[PDB]
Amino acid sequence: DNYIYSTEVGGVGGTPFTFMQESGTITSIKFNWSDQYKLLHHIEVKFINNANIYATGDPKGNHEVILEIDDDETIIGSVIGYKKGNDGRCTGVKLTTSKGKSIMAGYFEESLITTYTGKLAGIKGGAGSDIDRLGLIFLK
């Protein structure tokens, strides 16, 4: 195959999403999260050479972070916080890049995945009011 699919962590809930393009990798990713519910609620992605925003979940949280990614820039560290099980949720993300940039969204009070690394190509999971489930997708 062309792509590495990291494990989707969290619950079975929400509307499914899959954001990926062969015409370009992820150039921007935004996480929205709340202190009220200590969850991720909403994620937006942009791809190289495309102004259109791909969004999932409900932007109801009181914080957001954006990581912008240079064309030649990779994810060298990547950690997702979540509550496990059928009624699980994603609670937080830490990404670190080949250029020393990092972002930190939300909370890490239960379970963690340390994911595959590489060129971030897309995301996949389930979202409604919250991010139920998140899986990263990388190139080779």
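Numbers follow the displayed sequence, beginning with 1.
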query: Looking at the entry, does 23-31 or 49-57 show the higher mean C-alpha B-factor?
result: 23-31
- prompt: Can you tell me which stretch has the higher mean Cα B-factor, 101-109 or 63-71?
  reply: 101-109
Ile80 - which third its CA temperature factor falls in, relative to the rest of the chain: lowest
field: Lowest, middle or highest third - CA B-factor, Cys90
entry: middle
